[PDB]
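In structure tokens, the next block holds one chain alone, the form deposited in one PDB entry.
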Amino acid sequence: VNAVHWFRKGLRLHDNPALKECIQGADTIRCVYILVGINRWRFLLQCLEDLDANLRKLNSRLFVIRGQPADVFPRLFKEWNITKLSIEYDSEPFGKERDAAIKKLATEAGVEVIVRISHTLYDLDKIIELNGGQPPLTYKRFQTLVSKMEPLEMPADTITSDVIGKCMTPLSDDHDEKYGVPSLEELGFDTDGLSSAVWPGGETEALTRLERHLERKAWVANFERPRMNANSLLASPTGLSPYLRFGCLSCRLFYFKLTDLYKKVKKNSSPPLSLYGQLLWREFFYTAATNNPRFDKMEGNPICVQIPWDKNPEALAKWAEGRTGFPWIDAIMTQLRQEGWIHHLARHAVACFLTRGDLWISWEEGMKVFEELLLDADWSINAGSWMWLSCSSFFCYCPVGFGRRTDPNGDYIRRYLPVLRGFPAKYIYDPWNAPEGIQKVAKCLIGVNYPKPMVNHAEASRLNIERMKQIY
């Protein structure tokens, strides 16, 4: 009995029911990964390095194979005498299609195919069945449906030496050269001058962050949402969203640990669904997207309102490169490109600026940039959020003033836009109003070193509010 587990998401040894089932009764086990901005690639490679290091602790290794799954697996079936193939289920339409092709190939070759749901809290198809064959398109209806779902089963036991037992991994002395985790440089990325990631990849990092997150949520929040402060825009050591997207952290483990901690602090009380809002919003979008192959499109998407967005390549590139001339917007887009995560409030600000608020550019162009740059931009959640914020499905931020109340000194701007550090707080959000003398001392002339504002926000927002009303 030769077992292979195929990692795609679920890049972890904890709560991996497909991997545990695959090892059961197996003589041999091999785990494979078969191989977007530089930050996303880097995070992925660090997840794989961490997987390899943790498999080494079990006297195993990760097998990274370059090629296409349809080509690689038939050769692997014969070469490794594979009797069992396991995957974590992928609900996303492109993933479902690819997995159906591999399942047929494996089944025809006499390979047992193990598929287990562990990327989401629930079986999304069962939610859709409870709703009469269509996904819920409102969060309240989704929550009503979740309330009627069966209590979630406990997380699978972590893959340990005891679980592996006598199952072994055949290895060669040339493993690193033939199956090693590639570097960014091997993939052709220019890494000259790249600094260390603000978001280290991998399950080990994810699990330490989960423990910190639970401790602050239970005792430092009384299980409530705390107020935002100046530093809330900066990457948190408790942030989990990239780890949930790549599968370094099980959403089911998070759910159980959160419930158990609530039960300890609130004796024998069951928590309100608001306690799981981040996980539930994530499920809602996965459920909405699973049967819609055009979820990320306007045309051909039955749930999306068709709106005549402008085509403006110059405006879009300015937005994407953080050259709008509004430092608050430009600072966010700069943090997005440099680090791969920005706060939800920051996402709303720049998405509104691009779509309904200022530039009137399609939400698809905003989604594609976020897809390249955001570590936690799962296809379903990214597309659904952009449609939601643009008033394109599911039924105005000032680009100058909004940030100042929580960040009056403009410390966030200064962190990410060094060209503006010379400006006093009076002008840091609106430097085009700084006198020439201030610009000269700051060594930043507006229109020269830093661009003038690309639009008049008051006039642009007014026209766009009118356009949205006329559409609706």
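In this text, residue numbers run from 1 along the sequence as written. Think of the rigid core as the biggest set of C-alphas that the two forms share within 1.5 Å after superposition.
Separately, the form deposited in another entry exists; it is not shown, and the next lines address it.
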item	value
Option from 104, 266, 126, 297 moving between this form and the one not shown, CA shift at or above 2 Å, rigid core reference	266
Flag for residue 442, CA shift 2 Å or larger between this form and the one not shown after aligning core	yes
Flag for residue 314, CA shift 2 Å or larger between this form and the one not shown after aligning core	no
Per-residue C-alpha change between this form and the one not shown, residue 345, threshold 2 Å, rigid core fit	no
Comparison of CA distance in the other form with shown form for residue 345, residue 221, at least 3 Å	farther
Distance direction in the other form for the C-alpha atoms of residue 77 and residue 177, relative to the displayed form (3 angstroms or more)	closer
